[PDB]
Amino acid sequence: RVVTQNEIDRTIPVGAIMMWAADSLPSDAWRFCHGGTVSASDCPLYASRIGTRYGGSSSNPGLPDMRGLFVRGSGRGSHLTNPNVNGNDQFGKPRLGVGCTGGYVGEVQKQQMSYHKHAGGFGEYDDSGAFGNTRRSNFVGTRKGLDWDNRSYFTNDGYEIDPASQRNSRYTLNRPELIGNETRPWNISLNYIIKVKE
């Protein structure tokens, strides 16, 4: 059977986004998601379906600016709402779905890390750590001079303190370059492209 023009938008609707493995595009059917605009007269289905939700004006609708961004599904689906990943576990700690959701379509979220604790390098005999404690074992502390009206002294920020040339295993906090400015998984950077006209 021979294919007609109405099947084009059916196959890839204007408004759709995919990835692109190079730096330039071969045709004006697609545009980069780099925050430009399109002309509404040039791209009437983009103007009608997307409008100004990514900025611009009705005459020159905005394109998404996805440079630097990861993508997640909008909303919160069955893998996140399952009761078995919500509520608190047997130790009273929230399960890993709690507080995790996509936004509305087009919403941008900043980097974040879950709250979490570490066991400290000092402590005492009583079961009275401000934020919890281990069982008693081979751990240092003092028997002298304890009182309970002090400050909590902060840990450092996870970067190394001593120079690499003077460290060994026990003077090194972390896996190499794990701590930095950004929370993000292993990833490849690609361009995102959006379909704007037939």
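Residue positions are given as counts along the sequence shown, with the first one as 1.
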query: Mean Cα B-factor comparison, 56 to 64 or 169 to 177, giving the higher one as deposited; finding: 56 to 64
query: Between 40 to 48 and 152 to 160 (mean CA B-factor, as deposited), the higher; finding: 40 to 48
query: Third of chain Cα B-factors occupied by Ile17; finding: middle
query: B-factor third for the C-alpha atom of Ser27 within its chain; finding: highest
query: Third of the chain's Cα B-factor distribution that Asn84 belongs to, per the entry; finding: highest
query: Third assignment of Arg143 from its chain's C-alpha B-factors; finding: highest
